[PDB]
Every structure is written in C-alpha cells, then in structure tokens.
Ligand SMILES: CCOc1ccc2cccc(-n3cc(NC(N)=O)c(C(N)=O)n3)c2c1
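Take a look at this one chain, the form deposited without this ligand, written out in structure tokens.
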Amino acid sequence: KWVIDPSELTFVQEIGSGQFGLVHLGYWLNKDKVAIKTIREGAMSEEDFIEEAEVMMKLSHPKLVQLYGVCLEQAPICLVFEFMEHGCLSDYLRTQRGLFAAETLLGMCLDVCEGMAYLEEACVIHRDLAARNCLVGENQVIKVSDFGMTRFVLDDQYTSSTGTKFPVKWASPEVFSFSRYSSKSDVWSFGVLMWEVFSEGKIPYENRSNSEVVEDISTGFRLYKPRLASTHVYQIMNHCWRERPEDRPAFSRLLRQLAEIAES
C-alpha cells in the first residue's frame, strides 16, 4: 500500500525546515530509516497530491529519491522518503568547496542526468530542477528529488511565471514566458544545475533581478564557464541553453555524451 499509519513512524531528529514545514530523520515500521517531511496547512493542494501519490511511488530508479508513502490520518500530513545521509547537493557543494576533483563533479552531473533520462522516458516533467532539489547519499551518489511537486504548491508567487518568487534562474525562455514545461525545459534547468555543480555551489545570476535574468537570457547572455568545467563540458552546458527547445539535446543524448566524456 501507499498509506502509512501514524503508528508506523517515529520522529528522531529534525534535519530540515522551511515554508513547506519540517523534515525529520525517523524510522518506518519493518522498513528501516526514512526522512519524513511534515507539510504545513495551506502549503500544498493535498487532495491533488494524495490522488497522484500511488502512481508517483511507482517512479522508481536508483538516481531518484524514493517516495515510500503518505501519512494522512490527521493534519498535518507527512510524506515518507528515502533518507539521504549528506543532504541537499547545493549545501554539499558549498561546504566541500575546494575539495572536489573535476571527475567527481562530472560524476554528480551524470547521476542527475541518469535520473532525468528515466523521468524523460516516463514522460514525467520535473519543472524545478536545481541543485537545491538534488540530494547526496551513500558514497556521494546524487539523486533527484521533488519532481513534479510544483504542480501542488499553493503559493502562486512561486508557481506563476509572473510571480515575485518564480525560480526564473533555472527556467528556459518558454517556461519563464509561457509556463510551457517539457523534458526540454528540464534540459535547460539541467544546464544550470551543471553550472551550479562545476562552480561548487555558486548561485547563478547572482544579484540579478528576475526581469534582469529574462532580459539577459533574451539578449543571448549565458552563465560564464566555471573554472573546473572543461571547454567540452561547457559546450554541453551551452547546448542545454539553446533558445529553441527542439535544438536542446534530450536527456538520453546528454547521458551518452557526458558518459563518453567521463569514461575517456
């Protein structure tokens, strides 16, 4: 089943917090360690999420964070996930800055690409792919998390392309203009995630307002090459940022290209 009773969970340590609610490390009965995300009232369209949870849980891949179930008996609801020991990739990059080999950084991009090629084949669009939405686990494996979750967020300032909080830094032009999501808009976001990885967690378009990012991208500006990215890796990042979605590589193509670079 996909419904987890409240008696099947324990809450050991709070590990995260934000406007969504809280995250705890806990245990799940007869099924080991978990991260439990408690959702604040009004943050999410809970009925829409609960309607799709069972189908969402069948998206299972070694490079995707597994959703194990939903505790919905009483408010607030909890979502129960696979526990990732090193936390979000954005913070992991920042705290370990200066300690990465370029091969490790490319390997993190490959893990994300592998999870995204699975979602692309399943015709599942992430919509908000970024280093903050990737988690680091056993042996520094990266896994993609929160795919499709912006479909349930109730904060219009974050979900509307004209919203004050919209994540325009990772959005392709057709997303920041029209909310035209596709696997090719996720590819643009993946180019920005690659830039976050090779820069060791710098924030893209630092200090630029949302309208300034739109004006810059529309006028051909692109993120500068990080020092640790080779010319060839930066070439692939620029292919992710092609203005037309049709000219961007699919994740299946990126996965072969990046693997050839890593394995050579």
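Numbers follow the displayed sequence, beginning with 1.
The same protein also exists as the form deposited with this ligand bound; that form is not shown, yet it is the one meant from here on.
Binding-site state, shown form vs this ligand in the entry with it bound, superposed, 3 or more atoms under 2.4 Å of backbone or C-beta: Check flagged, pocket reads blocked.
If you check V214, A53, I203, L228 against this ligand in the entry with it bound, which one has a heavy atom within 4.5 Å? Among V214, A53, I203, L228, a heavy atom within 4.5 Å of this ligand in the entry with it bound occurs only for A53.
Of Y181, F100, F81, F176, which one comes within 4.5 Å of this ligand in the entry with it bound, counting heavy atoms only? Residue within 4.5 Å of the partner: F81.
Non-hydrogen atom contact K165 with this ligand in the entry with it bound at 4.5 angstroms: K165: no, not in contact with this ligand in the entry with it bound.
Is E120 close enough to touch this ligand in the entry with it bound, meaning at least one heavy atom pair within 4.5 Å? Contact check for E120: no, nothing within 4.5 Å of this ligand in the entry with it bound.
Taking the shortest heavy atom distance, is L67 within 4.5 Å of this ligand in the entry with it bound? Residue-level check for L67: yes, a contact with this ligand.
Check whether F49 has any heavy atom within 4.5 Å of a heavy atom of this ligand in the entry with it bound, and answer yes or no. Yes, contact at 4.5 Å.
Candidate stretches 105-113, 165-173, 190-198, 139-147, one within 4.5 Å of this ligand in the entry with it bound by heavy atom: Stretch 139-147 is the one.
Let me know which residues along 1-18 have a heavy atom within 4.5 Å of this ligand in the entry with it bound, or say none if there are none. Contacting residue: only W2.
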